[PDB]
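**Student:** First, the structure itself, so that you have it in front of you.
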Ligand SMILES: [Zn+2]
């Protein structure tokens, strides 16, 4: 639920989080500290159809 | 019209002058800040930095002006070594931070950790 909005065919590997962790679970996988880069929030470029 | 300190031209249309922040305390003062917690020299992060000549011209570093004996000074928000945040949040502001001795680099082996670092007395 925390991850910033992306659009079909997103290719930028490193991007800012733009927001804090929302769920417990999120807090746990991001670490009890700050980290700027969000890595691999990239999704497939699906056919226009 | 040329700067007698950095050489830059005055009709150069990229040329810019330095704008301090208020807080802006000089180097020794800021260093004695609690926002900061194997060298006999402190080691801090530093954000929103600017480099300039005595006359206040923004200046590159790679151009070897430090090596031609030219005093370059800097300013921004010093942060706590562990502090990952590049916003000016948990930082104290410095100004005319002592003439730059050396400038260095590191990160040429492992990951993309090419960190640029300034050295002061
Ligand atoms: Zn100058």
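**Student:** Give the span of chain B's Cα atoms along each principal axis, as three whole-Å numbers ordered largest to smallest.
**Tutor:** Answer, in whole Å and largest first: 45, 38, 26 Å.
**Student:** Please report how far the C-alpha centroid of chain A lies from that of segment B:68-97, rounded to the nearest whole angstrom.
**Tutor:** Using only Cα atoms to place each centre, the spacing works out to 29 Å.
**Student:** May I pose another question? From Cα coordinates alone, what are the radius of gyration and Dmax values for the protein assembly as shown in angstrom?
**Tutor:** When restricted to Cα atoms, the protein assembly as shown yields Rg and Dmax of 20.5, 64 Å.
**Student:** Once Rh for chain A is found with the Kirkwood sum over Cα pairs, what is the Stokes-Einstein diffusion coefficient at 10 °C and 1.306 mPa s, in µm²/s?
**Tutor:** Taking Rh from Cα pairs, D becomes 132 µm²/s.
**Student:** When only C-alpha pairs under 8 Å and at least 6 residues apart count, what is the relative contact order of segment B:47-121, in percent?
**Tutor:** Computed value for segment B:47-121: 25 percent relative contact order.
**Student:** Take the Cα atoms of segment B:27-89, find their three principal axes, and give me the spread along each one in whole Å, biggest first.
**Tutor:** Computed over segment B:27-89, the largest-to-smallest principal extents equal 35, 28, 21 Å.
Only the coordinates and a few stated rules stand behind these numbers; no lab work does.
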